[PDB]
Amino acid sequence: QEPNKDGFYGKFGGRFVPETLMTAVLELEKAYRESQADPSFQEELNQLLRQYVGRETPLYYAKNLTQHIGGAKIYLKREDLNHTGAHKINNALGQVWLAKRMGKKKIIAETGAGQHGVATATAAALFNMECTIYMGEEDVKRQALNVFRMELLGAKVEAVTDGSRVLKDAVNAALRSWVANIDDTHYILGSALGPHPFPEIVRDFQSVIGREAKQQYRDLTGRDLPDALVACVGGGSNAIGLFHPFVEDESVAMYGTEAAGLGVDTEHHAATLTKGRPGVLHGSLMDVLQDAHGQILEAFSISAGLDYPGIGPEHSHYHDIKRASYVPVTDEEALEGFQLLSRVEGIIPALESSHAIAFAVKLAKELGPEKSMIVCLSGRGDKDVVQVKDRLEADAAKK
């Protein structure tokens, strides 16, 4: 099975968590199977995804971008058109709905930049559930606007003063609050990381990306399968949501674009599968950037949503059995893609998705105009206009 009984995708995954947390993830796996056996659960979620989030998102043939590159045809899975403007809402809405079926009343999560905190707070307000988002205090001071967004949606943001007051401390604060209030609180992991069954739950809720693209590509082009799939990779939620519905279609190649930061051979990157190796972190056996003694190294990227040292266990499995390729994409390469898609197609992409766009133009030249690819446009770039404008202005006066 994938994952198997103990939560392994091949050699990777599991639930390497303390016994105090083992009770919560066991209960969560049991409640998850019961929701899969119930047809009324998936039906209510399908209708809400349709009427509230706006699914299904179109598969848009980027005609201008395709003609500009002169290579393979590029089809963009328009996840940027979701309510909230990114894919994260698929997982959070599915997990809040699961929390309602469990009889829970409180929703908690952590965030760094703020994306998962907004998606979680949105899904909680839809279901009239109390929401608490844990942030490191140093992140609260830097994200006053996202803090206002989450409070606008009715959520309470709890600043974590302990430790370094960053995302690493908010994760522990949220996990400790999850165990303490297990009888009425559900913790929503934001990506395809963490202990079993979180990678499986996040994958299935994000599989609406690939299942729609597969049927949309056929109804649109008349062909059977695209030749390649491309998605950016942080923890791996949007990539595995696009890949998994195609995993048994051997002719469809898969590419996950990693954040190479300043350069794969520099001190500031996030290329997990290019420079990392298997280790145990965040309750999962996975590839992770680490020193020779097993200490986790800091990840760097121009896009905050991709600076994670690890990667989902299912992606490490794909990388192991050579089912998917994982390519580094640099800070500057992602900036070109951000500006390119804006003026060529009129779509302002997120800095995360710009890594996929950037590699998309590379792969397009390689495959030639006789092939086709589906790129997951994970999010819109409004949250990144301020950062990009400063970066291009600072570099203008300096060069």
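A residue's number is simply how far along the shown sequence it sits, counting from 1.
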According to the deposited model, is the average Cα temperature factor higher in 96-104 or in 295-303? 295-303
Of 155-163 vs 74-82, the stretch with the larger average CA B-factor in the entry is 155-163
When the entry's CA B-factors for 363, 347, 28, 48 are compared, the highest one belongs to 363
Top residue by Cα temperature factor, when 139, 227, 130, 287 are compared in the entry: 139
Ordered by C-alpha B-factor within the chain, which third holds residue 53? Give me lowest, middle or highest, please. lowest
Determine, from the deposited record, the chain-internal third of the Cα B-factor for residue 69: lowest, middle or highest. highest
Rank-wise, by C-alpha B-factor, drop residue 283 into the lowest, middle or highest third of its chain. middle
Could you place residue 326 in the lowest, middle or highest third of its chain by Cα temperature factor, using the values in the record? lowest
Please place residue 314 in the lowest, middle or highest third of its chain according to the CA B-factor in the PDB entry. lowest
